[PDB]
Structure formats: structure tokens, C-alpha cells
Amino acid sequence: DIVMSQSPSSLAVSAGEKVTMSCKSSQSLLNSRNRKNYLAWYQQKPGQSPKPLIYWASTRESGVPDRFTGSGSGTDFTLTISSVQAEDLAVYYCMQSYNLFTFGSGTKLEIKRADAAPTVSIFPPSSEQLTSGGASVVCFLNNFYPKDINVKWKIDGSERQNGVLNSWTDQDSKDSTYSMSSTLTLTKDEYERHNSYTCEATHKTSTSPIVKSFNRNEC
Amino acid sequence: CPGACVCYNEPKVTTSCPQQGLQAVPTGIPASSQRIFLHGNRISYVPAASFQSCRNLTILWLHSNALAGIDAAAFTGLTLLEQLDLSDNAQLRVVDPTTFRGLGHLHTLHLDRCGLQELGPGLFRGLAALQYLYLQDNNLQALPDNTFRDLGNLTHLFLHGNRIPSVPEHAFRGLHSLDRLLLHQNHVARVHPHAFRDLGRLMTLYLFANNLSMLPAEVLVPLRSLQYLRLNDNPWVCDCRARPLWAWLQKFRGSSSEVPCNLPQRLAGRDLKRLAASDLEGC
Amino acid sequence: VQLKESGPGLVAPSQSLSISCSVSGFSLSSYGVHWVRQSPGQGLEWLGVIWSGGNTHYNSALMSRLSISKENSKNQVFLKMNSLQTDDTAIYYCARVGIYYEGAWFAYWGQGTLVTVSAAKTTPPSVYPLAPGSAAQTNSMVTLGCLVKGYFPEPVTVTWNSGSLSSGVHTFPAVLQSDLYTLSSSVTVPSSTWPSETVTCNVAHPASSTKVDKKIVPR
Ligand SMILES: [Zn+2]
């Protein structure tokens with residue numbers, strides 16, 4: 001019918017490099033006479049509703065930093081940031097307004113950095129959870145980059161993979177930096193046994209890890 | 001009410017947004033709106049169903065913008081619209097022939113000076129109550145037949161300063177209650193004989209500044225109530241062909257103007273009205 | 001100028017959805033409202049609109065399903081949707097502007113109210129305070145945390161010190177264990193403000209009608 005096609009779904013660059021989105025429409029979006037093109041661009045930062053960056057292919061909404069451009073006619077539409085700021089982490093949606101309202105599928109801007117170590121922080125299950133049958137040790141791996149990171153747990157000095165959960169954050173609006181959590185859920189029954197609980201962290205930054213740990217039957 | 005526009009309820013509910021610098025038709029105009037003034041802005045299109053919410057609209061102006069096109073169903077939803085102004089829109093050129101469908105209670109319509117090249121078939125169809133029609137200063141190049149047929153109550157029709165070259169038989173058919181007809185300042189060459197029939201009540205007829213070399217016998221008669229007439233500076237050829245027309249100006253005890261000649265070379269610049277009949281050669 | 005979507009937040013399949021969209025900054029007689037939907041990981045999709053007048057155009061992709069009404073005096077737009085499958089789990093934004101043309105093309109949004117289509121009963125969260133045990137410290141930045149565990153459905157909101165902290169908080173997206181969601185959240189205050197300067201997580205859960213404030217006790 002009418003359709004909006006966005007490439008390349010996701011594209012990483014450092015801060016200061018130029019970019020382009022590509023947005024091809026199904027049917028031509030140019031009004032025969034007057035020639036304004038009924039196509040908008042929107043910025044959806046993480047955990048945040050969309051925000052109008054451009055409309056009429058070409059013109060910038062109130063306030064939107066002078067550092068954006070959108071061009072092309074008929075059926076091929078660019079969005080271009082020159083010198084990308086850290087704060088510009090978002091996914092970028094184009095919208096058709098010729099026959100009603102049809103969206104693209106969006107294109108995510110990644111931010112390249114220099115490699116970065118995590119701050120490791122480890123947490124014995126609470127007083128409050130233990131009197132519930134349950135036990136969860138937690139490991140906070142904080143403000144680090146690149147995203148790809150491995151955490152081995154070590155109980156009594158020997159691994160567990162059975163019953164761990166991982167959770168990654170979205171690249172930091174202000175910082176270009178990932179953080180992530182690891183939860184081992186043993187149980188008061190299953191936990192009150194084996195005694196040393198420890199956290200390893202191997203990276204694209206590390207060979208010899210970042211290690212934090214604690215001993216249950218000690219204090 | 002939207003950025004920098006007047007909004008008042010008496011006399012009628014009203015949105016005045018004159019020369020704000022608006023790039024198009026604004027969102028925000030209340031549906032209550034009885035009058036919308038969008039004139040002097042820089043709008044380049046009237047979208048499909050712009051004023052559709054305002055089912056009370058009786059007056060809307062969009063003159064003196066930068067109109068390139070009106071979309072064919074722009075004025076959909078506007079049963080009550082009485083006045084419509086669309087002028088000083090220089091570069092507009094064409095209006096889709098369905099643009100006015102169903103504006104039943106329209107009193108006045110302005111397309112003065114829009115560079116209109118055509119007059120699409122049945123454009124003023126169903127404008128029963130139209131009274132004033134302003135189509136002067138455009139680039140109209142023909143007059144289709146029946147173009148104003150459905151215009152029952154049109155009294156003033158304005159056509160001057162175009163490029164019309166002729167008037168065909170059935171052009172003005174149906175203008176049963178016309179009153180002022182201004183056709184001056186054109187490139188007009190030949191009037192069809194039976195061409196003013198349906199104009200019993202015609203009162204003012206300005207044919208000056210055209211290319212009329214002669215007006216043939218049958219023409220003028222049906223203007224049984226004509227009070228004013230203008231036929232100055234036409235390349236009038238003053239021989240046997242004008243005798244018919246001459247006889248007419250004699251009997252006509254209203255208010256005509258000078259009909260200067262130009263031909264034959266012998267008879268230059270000589271108001272016909274003060275000529276003798278034997279003065280005009282044969283035949 | 002703002003829109004704030006609300007109402008029934010978990011709906012059982014083969015039943016009815018009712019949202020409301022409340023507004024400040026403009027009247028419903030003067031501007032018209034829209035409804036855009038977005039999955040928990042997909043592109044935007046426009047549902048429909050209710051113009052400045054009584055008229056109404058939806059997307060018909062959803063056949064009978066759909067009805068937009070609005071009450072003018074009460075400044076509310078109602079989005080009703082019957083007979084919905086789990087396809088229709090998404091966030092439900094109401095945005096505005098408004099139509100004919102210039103003014104705005106979803107240039108204002110809501111934050112968006114998140115709908116889950118599922119038939120599992122709503123479960124409140126357990127909240128555990130992750131104090132760093134026996135240590136605290138050497139890291140001249142004591143990094144604390146708080147586990148939010150075994151709830152349904154989303155969302156869930158975590159704040160710290162009743163909002164006084166909102167930089168240094170990293171809050172991780174929820175994970176789906178068995179048929180229940182679980183989340184954790186770090187905070188990373190200065191060392192020389194903990195023990196001293198009490199630090200508390202305030203995890204509230206709208207879907208269960210449940211507000212919790214858990215203090216975080218040292219050692
Ligand atoms: Zn738009």
C-alpha cells in the first residue's frame with residue numbers, strides 16, 4: 001500500500017563523524033506543484049517518547065540544534081548529523097504524511113568510544129530475602145565499554161551457570177557507556193552450604209580480570 | 001487560538017491571522033469559526049479538507065498568499081460558506097473542476113488575478129446562489145460553452161484583462177439575471193451572433209480595448225434593458241458590415257460611448273455615431 | 001502543551017482495552033488528537049485520529065476493533081479497543097497536531113502508557129536492599145543498590161531518596177523468570193555520604209497498587 005523503508009537499522013560512529021540515514025518510501029511523497037515533501041523525522045531517545053526533529057523533508061522544528069540536515073525529493077530522504085554529540089544517542093524514525101500516517105522501522109545510532117573498565121560491586125543476599133527461602137547474590141558492572149563482556153561467577157572457587165540472569169543497560173545518554181547486572185539465585189537451603197561467593201569480569205579491555213568477592217560464613 | 005492570531009466572538013466568531021508569515025494552513029482554528037482570515041500569509045497549498053471541522057464557515061479569505069494549487073476537495077464540509085476570496089495568488093494557474101462542488105450557499109467568489117490558463121468543464125457547476133464572479137486579470141484563453149450555465153442569480157460577472165479571443169454561441173447561456181458584464185481589455189476578435197440571448201436584464205456592457213473589427217446584426221438586440229455600453233478603441237472597420245451596428249446606435253437612447261473607426265484608411269478616427277449612412281461604403 | 005495517557009494497564013486476551021488521554025495547553029475543539037502505538041521492541045505504528053470536529057479516521061488494518069471518542073468539556077480523548085491478541089502488546093502514545101496542516105506532525109507526544117496483552121494475574125514486587133556487606137570501603141565511591149523481584153506486569157518505577165538522586169542511578173531492564181519479571185537498580189553516591197546521608201530506594205508498582213520505600217542499612 002504505502003510503506004517506509006529505513007536502512008541500515010543500526011550504525012555506530014564516534015563523536016564528531018558525519019552520518020546519514022536512508023529512508024525510501026513506497027510511493028512518491030512530492031506534491032506536484034509547490035514541491036514541499038510530506039515527510040518528517042523524529043528522535044526517540046531511550047525510555048523516552050519520540051520528538052520531532054524535522055518535517056517537510058527539509059525544515060527544522062523549533063529549537064532542534066542547527067547541526068541537523070534532511071534532504072532529497074520524491075522518494076529518497078536523508079537525515080544527516082555532522083559532528084555527533086554523546087547526547088545524540090537515540091533511534092531515528094522517518095514518518096510519511098501523504099496518505100495518512102506510515103512510519104519507518106527506525107535506525108539506531110550507536111556511539112563508538114575508547115575501551116573502558118567496569119567498577120565491580122558485589123552483594124550478599126539480604127536479611128530481608130533470606131527469611132523468604134531465597135538467596136540472590138548480585139554483581140554490578142558499572143560504566144564500562146565495549147558492550148560485549150563476560151562475567152564468570154565462582155562459588156567455593158568453582159563455577160556456576162545454573163540459575164544466573166544477565167541484564168544490560170542502554171548506552172549512557174551523558175557518557176556513551178554501558179552498565180550491566182548479574183544475579184545468581186541459589187536458595188537459603190542451596191546457599192547456606194558452599195561458602196565463598198565471587199565475581200570475575202573479562203572484557204575486550206581485560207585478560208587478567210576485575211575481581212570482587214565475599215565469604216558467607218565469615219562475618 | 002494559535003500563535004499570533006486575533007480571536008473574537010462578536011459580531012461573528014472569527015480567526016484573523018493576516019500576514020503572520022504562515023507557510024501553510026494553521027492547525028488550531030476553532031470549529032466554532034464563522035470567519036477565517038488567512039490572507040497575506042505565504043501559504044502554497046490548501047490541503048484536502050482543511051476547514052472541514054468549521055461547519056459554520058460563511059466567510060473565508062485566502063487571498064495574497066503564494067498559492068500553487070488548491071486540492072480538489074479543499075472546501076469539503078463547508079455547506080454554509082458565503083464568501084470565498086482566492087486572489088493576488090499570481091502563480092496558482094489551475095483549479096480542479098470539482099473544487100467547488102456543493103458550496104450551495106455561496107454568495108461571492110473571487111478569482112481576480114490568479115494566472116488561470118483554463119476554465120475546466122463544469123467548474124462553477126451547482127453554484128445556484130452565486131452573485132459576484134471575479135475572474136479579471138488572468139490568462140484565460142477561451143470561454144467554453146455553458147461555463148456559467150448553473151449560475152442562476154449571478155448579477156455581476158467580471159472578466160476583463162484576460163486573453164479571450166472569441167465569444168461562442170452558448171458561452172453566456174443561463175446568466176438569466178446578470179446585471180454588469182465586463183469583458184473589456186482582452187484579445188477578443190469575433191462575437192457569435194446569438195451570443196447574448198439569455199441576457200434579458202443586462203445593464204452594463206464594456207467591450208472596449210479588444211480586437212473586434214465589426215459586430216454583426218443580430219447581436220445586441222436581446223439587451224432589452226442595457227443602459228451603458230463601451231466600444232472604444234477596437235480596430236472597427238467602418239463599411240457595409242457596420243451599417244447593421246450603426247442602425248443600432250441610432251435607436252439606442254441609453255448611454256453608449258464613442259465608436260471610433262480605423263478603416264478604410266480614408267475614414268480614420270471618426271466616431272461612428274456621428275456618421276451618415278451613405279458615408280459607409282458597400283457592397 | 002501536554003498529553004498524559006492513562007487507564008487499564010494489563011488486559012486479558014479476547015477482551016476490552018480502555019485508555020484515556022488528558023491534555024493541557026489547548027482545547028479539543030481547536031486541535032485534534034492522534035494515537036500511535038509502539039511494541040516493546042518494534043517500530044511505531046499509527047492507530048488513528050479524532051479531528052477538531054466530530055469526525056474520526058482509524059487504520060482498518062484492525063477491522064472492527066477500534067473506536068476513538070472524546071469528551072470536549074471534560075478535556076479527554078478515549079481510545080477503546082475490543083478483541084485484542086498479544087500482537088497488540090505495546091506502549092500506547094497519544095500525540096497531537098492536529099491536521100489540515102502546519103502547526104505539528106506528532107510534534108507533541110505523551111510519555112506513553114504500556115499495555116500488556118496476557119492472561120496471568122498481576123503480581124506485586126518483593127524489594128531487597130543491596131548494602132555492601134562488612135566492607136565500605138576503599139573505593140572512594142560507595143556504590144549501593146536495590147533488587148526488585150518477581151512481579152507482573154510492567155512497568156515498574158525505581159527512584160532513590162524520593163527522587164533526590166537521578167544521576168548515578170543505573171537501573172537495569174527486567175528479566176522474565178518463569179512467568180514473573182525481576183529488576184535491579186544501582187546507585188553510586190559519594191563515599192563521604194554513606195553511612196551518613198541515608199540512602200533509600202522507592203520502587204512503586206501501578207499495576208498492583210503498591211508503593212514501597214526500603215531504607216538501606218550498612219554492614
Ligand atoms: Zn504533518
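Going from the start of the chain as shown, residues are counted 1 onward.
Header entry for method reads X-ray crystallography, 3.1 Å.
Cβ coordinates are placed from backbone N, Cα and C, and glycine is handled just like the others.
Feature annotation from Swiss-Prot assigns disulfide bond to B:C1-B:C7, B:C5-B:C17, B:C238-B:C261; the stated evidence is experimental evidence. The domain 'LRRNT' annotation in Swiss-Prot covers B:1-31, and the record cites sequence analysis as its basis. Annotated repeat 'LRR 1' per Swiss-Prot: B:30-53, in sequence order. The N-linked glycosylation site annotation in Swiss-Prot covers B:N56 and rests on sequence analysis. Look at Swiss-Prot and you will find B:79-102 tagged as repeat 'LRR 3'. Sequence annotations record features per position, and here Swiss-Prot assigns repeat 'LRR 4' to B:103-126. The repeat 'LRR 5' annotation in Swiss-Prot covers B:127-150 and rests on sequence analysis. Per Swiss-Prot, repeat 'LRR 6' is recorded for B:152-174. The repeat 'LRR 9' annotation in Swiss-Prot covers B:224-247 and rests on sequence analysis.
Features as recorded by Swiss-Prot, highlighted on the structure.
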residue	record	Cβ within 10 Å
B:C1	disulfide bond	18
B:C5	disulfide bond	19
B:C7	disulfide bond	17
B:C17	disulfide bond	23
B:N56	N-linked glycosylation site	17
B:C238	disulfide bond	26
B:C261	disulfide bond	21
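Rounded to the nearest whole angstrom, the C-alpha distance between B:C5 (disulfide bond) and B:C261 (disulfide bond) is 56. Distance between Cα atoms for B:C238 (disulfide bond) and B:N56 (N-linked glycosylation site): 57 Å, as a whole number. Of B:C1, B:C7, B:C17, B:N56, all annotated as recorded positions, the residue with the shortest Cα distance to B:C261 (disulfide bond) is B:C17. Residue counts for the repeat 'LRR 4' (B:103-126) under DSSP (helix as H, G, I; strand as E, B; rest coil) come to 0 helix, 3 strand, 21 coil.
Chain C has a C-beta under 8 angstroms from the C-beta of B:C1, taken from the disulfide-bonded residues B:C1, B:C5, B:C7, B:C17, B:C238, B:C261. DSSP classifies B:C7 (disulfide bond) as strand under the three-state reduction. According to DSSP, the secondary structure content of the repeat 'LRR 1' (B:30-53) in residues is 0 helix, 5 strand, 19 coil. Across the structure, B:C7 (disulfide bond) and B:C17 (disulfide bond) place their CA atoms 9 angstrom apart.
Rounded to a whole number, the C-alpha distance linking B:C1 (disulfide bond) with B:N56 (N-linked glycosylation site) is 17 angstrom. Mapped onto DSSP classes, the repeat 'LRR 6' (B:152-174) shows 0 helix, 5 strand, 18 coil.
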